[PDB]
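In what follows, a structure is listed as structure tokens, so that the remarks can point back to it.
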Amino acid sequence: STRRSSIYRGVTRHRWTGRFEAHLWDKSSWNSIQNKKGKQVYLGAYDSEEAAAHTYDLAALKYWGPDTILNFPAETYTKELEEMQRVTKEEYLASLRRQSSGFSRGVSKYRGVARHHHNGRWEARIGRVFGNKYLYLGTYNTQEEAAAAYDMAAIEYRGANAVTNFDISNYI
DNA sequence: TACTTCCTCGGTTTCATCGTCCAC
DNA sequence: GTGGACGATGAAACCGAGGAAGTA
Ligand SMILES: [N+]
């Protein structure tokens, strides 16, 4: 019936946002709500379709090695292939998500950071469906400080697989 | 067939932002 | 008055259930 939303593997143009989502099918992990093997992994949103394709390629390389099926040949990812080896799978996926277009929108380049009225300072906020709160994390003089606060709250309320503005290792 | 792998996009959650409260 | 602390709102991200697309 319908033509595929993207010419690339693992890329779906979202019907409402118009963003190119990268996603991945983990055929080895176990879906526990179902019985069967298989889990959908969301890699992020990208304003550029080619960027979502590259994101899929890199995540697939981290999951299945240099001859899994790729939108582009593994020779184009040689450098990334080495860097990939130095981190967890979760660390690498968090990094891929951190570079994505949808990670942070608006004025600040950091997620959870926006500006306190017109005071020239930066508020950090974080969302928590438990308690139905948009928690306030303070006002800071630099975006990096606000982003640090957002990060700390993020690791606290999301633990592992928490995507932070700055590297998870900064907070050990 | 039946069965696995992959895509889609609607609920759900969270952010970006701006404007409002109240304890000082 | 007022200014941190937040709440309201709309935009936009997140993400799996489910159906579509390949297998074999
Ligand atoms: N967007």
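Letters A, B, ... are given to chains in the order of the sequence lines, protein chains preceding strands, and every chain is numbered from 1. Reckoned from all heavy atoms, side chains included, excluding hydrogens, waters and symmetry mates.
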Are any non-hydrogen side-chain atoms of [X] and [Y] less than 4.5 angstrom apart?
X	Y	answer
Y63(A)	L93(A)	yes
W122(A)	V107(A)	yes
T164(A)	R98(A)	yes
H23(A)	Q40(A)	yes
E156(A)	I126(A)	no

(request) Starting at the 5' end of nucleotides 5-11 of chain C, put B wherever the base has a protein heavy atom under 4.0 Å, S where only the sugar-phosphate does, and a dash everywhere else. (result) BBBB---
(request) Using a 4.0 Å cut-off on protein heavy atoms (strictly under), produce a 5'-to-3' string for nucleotides 2-12 of chain B with B for base contact, S for backbone-only sugar-phosphate contact, and - for none. (result) --SBBBBBB--
(message) I'd like to check the ring pair (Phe, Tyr, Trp, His ring centres under 6.0 Å) partners of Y110(A); sequence neighbours left out, ordered by chain and number.
(response)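 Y110(A) satisfies ring pair (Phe, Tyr, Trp, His ring centres under 6.0 Å) with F166(A) only.
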(request) Taking only the side-chain nitrogens and oxygens of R105(A), find out if one of them lies under 4.0 Å from OP1 or OP2 of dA12(C). (result)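 The answer is no; no side-chain N or O of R105(A) sits under 4.0 Å from OP1 or OP2.
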What nitrogen or oxygen pairs link the protein and nucleotides 22-24 of chain B at under 3.5 Å?
none

Side-chain atoms of residues 68-78 of chain A: list all donor-acceptor pairs with protein atoms under 3.5 Å, sequence neighbours left out, distances to 0.1 Å.
unit_1 : atom_1 : unit_2 : atom_2 : d
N71(A) : OD1    : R9(A)  : N      : 2.6
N71(A) : ND2    : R9(A)  : O      : 3.0
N71(A) : ND2    : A53(A) : O      : 3.3
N71(A) : ND2    : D57(A) : OD1    : 3.4
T76(A) : OG1    : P73(A) : O      : 2.8
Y77(A) : OH     : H54(A) : ND1    : 2.7
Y77(A) : OH     : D57(A) : OD2    : 2.6

(request) Test side chain to side chain donor-acceptor pair (under 3.5 Å) on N165(A) and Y150(A) and set out the steps. (result) CA-CA 8 Å; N165(A) 290 291; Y150(A) 170 91; over 6 Å; no
(request) Rounded to 10°, tell me the angle between the two end axes of the helix from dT1(B)-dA24(C) to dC24(B)-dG1(C), each built from five pairs. (result)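 Axis angle across the helix from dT1(B)-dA24(C) to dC24(B)-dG1(C), nearest 10°: 20°.
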(request) Mind checking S104(A) for me? I need base, sugar-phosphate or nothing, with any heavy atom below 4.0 Å counting as a touch. (result)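 Sugar-phosphate only.
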(message) Quick check on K37(A): does its NZ atom have over 12 non-hydrogen neighbours (other residues, nucleotides or ligands) under 6.0 Å away?
(response)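 12 or below, so no.
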